[PDB]
Amino acid sequence: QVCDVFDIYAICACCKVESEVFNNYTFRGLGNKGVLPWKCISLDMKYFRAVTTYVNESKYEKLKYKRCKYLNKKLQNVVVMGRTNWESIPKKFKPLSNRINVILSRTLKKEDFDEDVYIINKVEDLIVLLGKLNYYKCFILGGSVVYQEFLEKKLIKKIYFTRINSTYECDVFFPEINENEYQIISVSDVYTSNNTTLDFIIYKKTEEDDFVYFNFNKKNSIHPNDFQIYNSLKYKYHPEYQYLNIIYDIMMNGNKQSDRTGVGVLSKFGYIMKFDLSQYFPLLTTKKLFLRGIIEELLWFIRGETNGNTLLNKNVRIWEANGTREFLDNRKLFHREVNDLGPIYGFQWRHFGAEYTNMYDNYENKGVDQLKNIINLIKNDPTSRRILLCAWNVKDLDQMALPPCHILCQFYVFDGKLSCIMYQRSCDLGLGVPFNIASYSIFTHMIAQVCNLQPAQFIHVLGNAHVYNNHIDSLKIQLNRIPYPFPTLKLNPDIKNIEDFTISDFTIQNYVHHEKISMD
Amino acid sequence: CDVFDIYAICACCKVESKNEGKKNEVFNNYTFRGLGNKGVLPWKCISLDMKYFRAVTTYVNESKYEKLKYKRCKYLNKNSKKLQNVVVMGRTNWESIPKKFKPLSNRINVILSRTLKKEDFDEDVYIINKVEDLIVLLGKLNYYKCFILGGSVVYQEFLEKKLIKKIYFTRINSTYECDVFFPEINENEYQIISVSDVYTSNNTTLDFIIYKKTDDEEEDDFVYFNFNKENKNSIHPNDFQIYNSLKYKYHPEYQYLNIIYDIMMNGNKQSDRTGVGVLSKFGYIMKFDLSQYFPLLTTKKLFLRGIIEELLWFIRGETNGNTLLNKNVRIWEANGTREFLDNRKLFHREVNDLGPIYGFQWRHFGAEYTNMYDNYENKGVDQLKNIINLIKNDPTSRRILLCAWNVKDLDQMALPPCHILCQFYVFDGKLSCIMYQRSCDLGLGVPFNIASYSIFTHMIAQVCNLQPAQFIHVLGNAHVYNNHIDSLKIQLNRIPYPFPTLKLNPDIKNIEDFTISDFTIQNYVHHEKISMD
Ligand SMILES: NC(=O)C1=CN([C@@H]2O[C@H](COP(=O)(O)OP(=O)(O)OC[C@H]3O[C@@H](n4cnc5c(N)ncnc54)[C@H](OP(=O)(O)O)[C@@H]3O)[C@@H](O)[C@H]2O)C=CC1
Ligand SMILES: NC(=O)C1=CN([C@@H]2O[C@H](COP(=O)(O)OP(=O)(O)OC[C@H]3O[C@@H](n4cnc5c(N)ncnc54)[C@H](OP(=O)(O)O)[C@@H]3O)[C@@H](O)[C@H]2O)C=CC1
Ligand SMILES: Nc1nc(N)c(-c2cccc(Cl)c2)c(CCCOc2cccc(OCC(=O)O)c2)n1
Ligand SMILES: Nc1nc(N)c(-c2cccc(Cl)c2)c(CCCOc2cccc(OCC(=O)O)c2)n1
Ligand SMILES: O=c1ccn([C@H]2C[C@H](O)[C@@H](COP(=O)(O)O)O2)c(=O)[nH]1
Ligand SMILES: O=c1ccn([C@H]2C[C@H](O)[C@@H](COP(=O)(O)O)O2)c(=O)[nH]1
């Protein structure tokens, strides 16, 4: 194949388009009025320059042989542009440096250009030219017209595709990719550049003995084909893979166990995930999540409330099952009013060590206001190793509707940035953990803002990590979905106190996600 | 040796050192030198070393033979197809081996001997009269690699004649009566380039080390995904010469050493409470397989009497610093002084009255602290009893947690606990433990802290009739003191030894019944003590 001999690749950047169901075609905006739809995304420019300029000397002779054999016979890449594309580039950036420049045109000829460029009036002439040049790889840089004809002709080996996770006015579009001709093989980390998130995906046309020696000493009824898309990917660098890889590990290596609930689980013990909150908001994209409930739940914690009715009256049902007459009696809380959850999170955060009475009592200035103390440590003693918020009050556990899953939060401050570790004793990977990542990520943003810091890392440590048997088929589906670039979280910047946030102070922007799943 | 790919593969134990150890035994690579006793192995059977042996000496890569055959002809200036390795044995060596294991299967069996000739054996089973008759035989043979399986004599003469390219060296971490020894490997002639995981087989730990004579479409994609990647801290390269010269660092001590390297290379410069300055990072996990070893650091010397007394003192629920000081355990001495308590605003606290720390929270969480002499019997929550009962009676509970971080009591403690909580996990008769540590002194504290919680995991497992599985150590604020940097540079350039084992008195069946005499560290092989400051 011509694309394999001549190593012809496409590289593009696509945004979302002004016009909700999401698919790969969501990212299709290329240009507007003969220029880019966006002002400048410097990180995509950096990636573009590195990919289109990189060559490997030592690998060239193998390519020279391949092309010689097919034809019967500093190193640079070739870059090919449409005439309209060429005319969009600033004079100061043209011809593209350290690359062989090729322009496709009928209306213009070599006499129309001052620059060191090749003009070709036919695609077939590109193939003849590549045959005559010494070069590493050939990158098609666009036009929409140019992409459309090179894909149509099956002359593209791989598409290096930037997903720009923001919406702009566009008048030219990247062609809809055919899933039977091209499949994603690699997905990068998520980044922020110029107030947008983005990632980089790759579509593909559809001493060593000592290592084996040290391997001389190498469970569950999971089938290979069950994870075909998941295991087809070469580079899984998107941070959502920290979640998906743990699910995979428990399904393949997990220990079959009963639990408190009767469903039985697969379980393992001890994991860590790390999310860079400076670069993205880690709301899972491989299924739909809504945050209104978990934001109302965090605001209720911060107020120190234990009254379940406060959440039910906001149509948030997260704690409804744990406040029922039946549930409280099964906990031996016979003298507890329905939806009186006892001295759970909010109470421990604002009043640790106070005697719990009922959900209506005024606990002002009783027990330890841990939340206030950690905000004061972050502001006045930021190098403190003692900046911890702890919900696990051993004395009060049997008075709680249930003992907390999120044991503690520890904070770390360096160079004006705030990082948070949350330790979770018990982690429902299918249902709970996706919400728990979002909760503590929002909380990190809130604590950073009220202490005049920038959020850095949310670090999630999982103790007993389990998949419920009734979630296994739903997670097999989810694991074969390719994550989308993450959204971003914005807070009202006028909020200066932890107690002053309300639901309208939080916006999730650019959330692109796969379809809702019922885990059950 | 680089033409005919000649390697030595051996297994060496420790040797009864002649009733005489100087004061404290000094250890080096030579510690492991025992080969044989009265024509047999010094040990009964170590089945994991037998399996490694079989696997190393039989493994062949057909698709790499062209480079080897080419080099052999080219250099020498010059059928069945099933490529095999050569294995060379001394006569004594050959005659130790049982019949049904001779000849060695899937391998070309050679035998250095003055007093045998081929017509007693075959052409399958080559004999050679002198060393040079091997290079001759190799010249005329299709083979992958040549493995010298020794005899003390065979190894001695092969090494002195510089014919060995690499040594596959099993360190058997136990002492046996031996009459023949492996020769002292000159560290100027050979260096270790790889170290395995530590294993238990047949009631000994062992590891495997290697001495050395002193679709690429997807390869460019790796470079593209690295397009945004980074003397950050004033630490040089040649500082970690030996550390960075190893190819495979699978020994579990590297989970500690790699964190020190990460903090030295990438850590944040910060002031602290202590006034000294640290490099710090946030969030690490180490995991130690207590079924296979006891992870007592071997790249310096550690003592355990103090940390075992401390754990027994926790289990009794004591807060009385004098109990430890009267045993010359000084871990808490500085935290109990008049000056230290007065700086904590504990003006009304008696010297060495540490307040409601670990012991008190493990046995009496929620009780009102009075003083270190009061009777707290049946006061507050006995967490230690509750977790033992949960492990025995409800082992799949996800609520098996022991927590020292009592928010109410923090300001009454001489200092808030570094070791926030232990969480337990039970599966298939085996006990694993996660300990979360808010504040981790990588140079001084963390080596002790790994030993403490590893011992505790064994204690809890034994009193619940379980086998210990993993100790999982979660580090929060993980820091290297600026005054440890030189010492840890020294330490990172030491190669770990196979780990010791911990033995508990098997009679102890209740967590309260352990005493100092119930704990034995066996086969502790360690590098020289380092003063961290
Ligand atoms: N986001 C991204 O990655 C990219 C965005 N862009 C944007 O795309 C827009 C420009 O694209 P679009 O308008 O399609 O224009 P194109 O850059 O695809 O250029 C079209 C022109 O190139 C010539 N051409 C194409 N094919 C041939 C052929 N087979 N033989 C001879 N000449 C050929 C013709 O020039 P003539 O008329 O002279 O004959 C044709 O009119 C701009 O908004 C630009 O900013 C461009 C590239 C990448
Ligand atoms: N721990 C380990 O890894 C290993 C341990 N062992 C143990 O070691 C002991 C065997 O070793 P050790 O006693 O040295 O005996 P060896 O197996 O080294 O036997 C030495 C004999 O091999 C022949 N030989 C050696 N060099 C030459 C030469 N240059 N030219 C001709 N013949 C030569 C001679 O036999 P001849 O009499 O025929 O002249 C010599 O006496 C046993 O206890 C065995 O179990 C053995 C292998 C490995
Ligand atoms: N992933 C991806 N694929 C694409 N094909 C295009 C792209 C878009 C329009 C035109 C061109 Cl040539 C390329 C872009 C947008 C980034 C364009 O960056 C450029 C283009 C040309 C010159 C240039 O020089 C200055 C510099 O290198 O800093 C930078 N992104
Ligand atoms: N790393 C290492 N190096 C060494 N050189 C020796 C060794 C020790 C004594 C004799 C011999 Cl041949 C080898 C050992 C001890 C393992 C013994 O391996 C054997 C010895 C004899 C027969 C045999 O076949 C049976 C089997 O396949 O298990 C395996 N370990
Ligand atoms: O924020 C939460 C709350 C609960 N759980 C899950 C973990 C367990 O499946 C269950 C709690 O039950 P126990 O672990 O307490 O038995 O709920 C979470 O994942 N996250
Ligand atoms: O068992 C212990 C006790 C202390 N430390 C270290 C951590 C810190 O360097 C210091 C405790 O001081 P703060 O982190 O509380 O400031 O002692 C440990 O590593 N392990």
Side-chain angles (χ1 to χ4, degrees), chain A residues 343 347-348 351-357 363 365-370 373 386 388 390-399, chain B residues 306 309-327 329-389 401-422 438 456 510-514:
Chain A
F347 185 81
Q348 301 303 336
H351 306 287
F352 190 123
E355 299 292 4
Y356 187 83
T357 65
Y363 296 107
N365 299 331
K366 291 169 187 299
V368 176
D369 194 344
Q370 297 189 74
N373 287 348
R386 298 174 188 179
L388 279 80
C390 186
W392 192 258
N393 179 343
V394 173
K395 190 181 195 172
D396 286 0
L397 291 176
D398 292 348
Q399 301 161 48
Chain B
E309 280 303 355
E310 180 189 40
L311 189 57
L312 292 183
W313 174 83
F314 294 168
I315 291 163
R316 282 187 306 269
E318 289 199 53
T319 59
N320 185 334
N322 296 126
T323 300
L324 293 182
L325 293 183
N326 288 348
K327 293 168 195 283
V329 176
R330 295 193 183 281
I331 294 162
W332 289 92
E333 190 169 11
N335 298 319
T337 67
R338 181 75 275 140
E339 296 63 39
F340 188 91
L341 298 167
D342 287 355
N343 173 73
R344 281 282 281 169
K345 311 301 194 215
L346 298 178
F347 301 113
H348 293 100
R349 187 66 59 70
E350 176 172 353
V351 165
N352 299 137
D353 189 337
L354 296 167
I357 58 158
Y358 290 108
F360 187 84
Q361 299 306 330
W362 282 13
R363 306 313 304 268
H364 308 291
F365 185 119
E368 221 73 57
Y369 195 78
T370 65
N371 68 71
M372 63 189 175
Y373 298 110
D374 209 355
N375 186 330
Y376 297 105
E377 214 189 82
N378 300 310
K379 289 204 167 42
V381 180
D382 193 349
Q383 297 193 71
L384 182 50
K385 195 158 310 260
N386 291 351
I387 57 130
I388 289 167
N389 288 336
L401 275 82
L402 177 65
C403 179
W405 187 262
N406 179 341
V407 177
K408 195 187 181 170
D409 285 0
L410 294 182
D411 294 340
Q412 292 161 62
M413 301 178 193
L415 79 170
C418 286
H419 311 125
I420 300 311
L421 66 91
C422 282
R438 66 166 178 80
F456 190 48
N510 303 303
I511 192 58
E512 303 184 94
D513 290 345
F514 283 98

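All heavy atoms count here, side chains included; hydrogens, waters and symmetry mates do not. Every chain is numbered from 1 and lettered A, B, ... according to where its sequence line falls, protein lines coming before strand lines.
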Exercise. To the nearest 0.5 Å, how far apart are CZ in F347(B) and CZ in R338(B)?
Worked result: 9.0 Å
Seminar exercise, completed: One should read off an interatomic distance between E512(B) CD and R316(B) CZ, to the nearest 0.5 angstrom, of 11.0 Å
Exercise. In this structure, are over 12 heavy atoms from other groups packed under 6.0 Å from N378(B) atom CG?
Worked result: no
Problem set entry | Residue pair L354(B), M372(B): steps toward the side-chain contact (heavy atoms from CB on, under 4.5 Å) verdict | CA-CA 8 Å; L354(B) 296 167; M372(B) 63 189 175; over 6 Å; no
Exercise. Does a donor on one side chain sit under 3.5 Å from an acceptor on the other, for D396(A) and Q348(A)?
Worked result: yes
Seminar exercise, completed: In terms of heavy-atom contacts, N320(B) and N322(B) come closest through OD1-N, 2.7 Å
Exercise. Hey, what's the ring geometry for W362(B) with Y358(B), parallel, tilted or perpendicular (30° and 60° as the breaks)?
Worked result: perpendicular
For this session: Starting at CD1 of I387(B), measure out to CG of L401(B) and round the result to the nearest 0.5 Å.
Result: 9.5 Å
For this session: Salt-bridge test for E318(B) and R363(B): reply yes if a basic N is under 4.0 Å from a carboxylate O, no otherwise.
Result: no
Seminar exercise, completed: Taking every heavy atom of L325(B) against every heavy atom of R330(B), the minimum-distance pair comes out as CD2-NH1, 3.6 Å
For this session: Report yes if some heavy atom in the side chain of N373(A) is under 4.5 Å from a heavy atom in the side chain of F352(A); otherwise report no.
Result: no
Problem set entry | Least distance between heavy atoms, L384(B) atom then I315(B) atom | CD2-CG2, 3.9 Å
For this session: Starting at CZ of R386(A), measure out to CG of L415(B) and round the result to the nearest 0.5 Å.
Result: 6.0 Å
Exercise. Can you name the closest pair of heavy atoms from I511(B) and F514(B) and give their distance?
Worked result: O-CD1, 3.6 Å
Problem set entry | Spacing of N326(B) atom CG and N352(B) atom CG [to the nearest 0.5 Å] | 9.0 Å
For this session: Calculate, to the nearest 0.5 Å, the distance between atoms CG and NE2 belonging to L346(B) and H348(B) respectively.
Result: 10.5 Å
Exercise. For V394(A) and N406(B), what are the C-alpha separation, side-chain angles and deciding distance, and is it a side-chain contact (heavy atoms from CB on, under 4.5 Å)?
Worked result: CA-CA 8 Å; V394(A) 173; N406(B) 179 341; over 6 Å; no
Exercise. Are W405(B) and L421(B) close enough, and set up right, to give a side-chain contact (heavy atoms from CB on, under 4.5 Å), and what steps lead you there?
Worked result: CA-CA 7 Å; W405(B) 187 262; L421(B) 66 91; over 6 Å; no
For this session: Anything under 30° is parallel, anything over 60° is perpendicular, the rest tilted; go ahead and classify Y369(B) against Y376(B).
Result: parallel
For this session: Find out whether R349(B) and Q412(B) are in side-chain contact, i.e. whether some heavy atom of one side chain is under 4.5 Å from a heavy atom of the other.
Result: yes
For this session: Give the C-alpha distance, both sets of side-chain angles, the deciding distance and a yes or no for side-chain contact (heavy atoms from CB on, under 4.5 Å) between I357(B) and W332(B).
Result: CA-CA 11 Å; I357(B) 58 158; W332(B) 289 92; 3.9 Å; yes
